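Readers should treat all values here as calculations from the given coordinates under stated rules, not as data from a laboratory. Methodologically, a virtual Cβ is constructed for each residue, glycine included, from the backbone with ideal geometry; neighbour enumeration extends over all protein chains shown.
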Amino acid sequence: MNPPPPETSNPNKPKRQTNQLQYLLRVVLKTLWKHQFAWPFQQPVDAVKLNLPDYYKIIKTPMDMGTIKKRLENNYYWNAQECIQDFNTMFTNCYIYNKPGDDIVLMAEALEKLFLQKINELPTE
Ligand SMILES: CCNc1ncnc2cc(OC)c(OC)cc12
């Protein structure tokens with residue numbers, strides 16, 4: 001059974017548009033998105049569809065690139081670090097729910113390395 005997906009808007013949360021957040025969407029997210037390993041990460045896990053009834057019993061802070069993309073597009077974040085934390089949560093969830101060697105973990109490992117390459121240098125404010 002599925003929990004609500006993470007929020008992509010929150011009227012009482014302060015918004016900010018920064019060069020670094022613009023970069024995270026235009027370059028970081030949209031480059032990862034096109035990777036051949038991106039597809040398991042482009043939407044919230046559907047435990048009913050994917051037959052993973054154990055997923056949300058294990059993962060308590062769900063995150064995915066679909067959610068991140070919407071947050072960036074909706075100006076949800078205050079700064080780039082907040083968005084980077086969502087990416088780190090997404091990767092960490094994968095490692096927690098699975099185990100070393102799994103096909104999905106090999107995918108997360110490759111995307112995480114590409115992610116780090118991209119955020120190594122960010123634009124200035
Ligand atoms: C769209 C299909 N996605 C998936 N299919 C099979 N197993 C998955 C396992 C996962 O846990 C890390 C997962 O979330 C990243 C997506 C999975």
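Points worth noting:
- Hey, residue 69 on the phi < 0 side of the Ramachandran plot and buried (at least 16 other Cβ atoms within 10 Å of the Cβ) or not: yes
- Segment 17-43, residues that are part of a loop (DSSP other than H, G, I, E, B), touching a residue at least 40 places away in the same chain (Cβ under 8 Å) and surrounded by 13 or more Cβ atoms within 10 Å (Cβ to Cβ): 18, 35, 37, 38
- Within segment 44-60, the set of residues being more than 8 Å from the ligand (Cβ to nearest atom), exposed (fewer than 15 other Cβ atoms within 10 Å of the Cβ) and not charged (D, E, K, R) comprises 48, 51, 53, 58.
- The residue that is surrounded by the fewest Cβ atoms within 10 Å (Cβ to Cβ), counting only those in segment 72-104 that are of a type in the set (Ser, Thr, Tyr) and away from the ligand (no atom under 16 Å from the Cβ), is 76.
- Flag for residue 125 being more than 9 Å from the ligand (Cβ to nearest atom) and part of a helix (DSSP H, G or I): no
- Among the residues here, residue 107 qualifies as within 10 Å of the ligand (Cβ to nearest atom) and outside any loop (DSSP other than H, G, I, E, B).
- Take the conditions (1) away from the ligand (no atom under 16 Å from the Cβ); (2) outside any helix (DSSP H, G or I); (3) surrounded by 13 or more Cβ atoms within 10 Å (Cβ to Cβ); (4) aliphatic (A, V, I, L, M); residue 1 misses just one of them, which is (3).
- Qualifying residue in segment 84-98 (condition: part of a helix (DSSP H, G or I), under 13 Å from the mean Cα position of the chain (by Cα) and of a type in the set (D, E, K, R)): yes
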